[PDB]
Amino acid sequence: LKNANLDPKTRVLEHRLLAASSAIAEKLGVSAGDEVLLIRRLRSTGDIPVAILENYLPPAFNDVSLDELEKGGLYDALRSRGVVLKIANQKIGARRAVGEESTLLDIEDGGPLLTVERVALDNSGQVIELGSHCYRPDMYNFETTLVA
């Protein structure tokens, strides 16, 4: 919504190259042990927390830097590497905040979060990016329009 999109700012919480587990490899369509990138970001609008964003990037995009991610969006970084999004599959759910989430998002302990599980695909059906995101629902909701 309007407030969330007003003044987007990002702080990187984690940026870590790691060996893809068989599970992660299968989801990305790559090989187990491949060098993939885990990123975790706190997204704000100005000083107001909005979301915690988590992604896995496959080896082709594992050189996305921490600085790129605090200066611009994930898709700015991906676009500079020739990515063209064709399909985004998203599953929207909800859950309680756990661990440090309520502190990072400045909400109540055990308070509700909106969740997104995301798989983004290019035109050849290859996985661009896997997302697992959570949003404070007073700052962000998902809007859709279906036409029969």
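Start at 1 and count along the sequence shown; that's the residue number.
Judged by mean Cα B factor in the deposited record, 64-72 ranks above the other of 77-85 and 64-72. Checked against the record, the higher mean CA B factor of 127-135 and 20-28 lies with 20-28. Annotation for residue 34: C-alpha temperature factor in the highest third relative to the rest of the modelled chain, per the entry. In the deposited entry, the Cα temperature factor of residue 117 places it in the lowest third of its chain's modelled residues.
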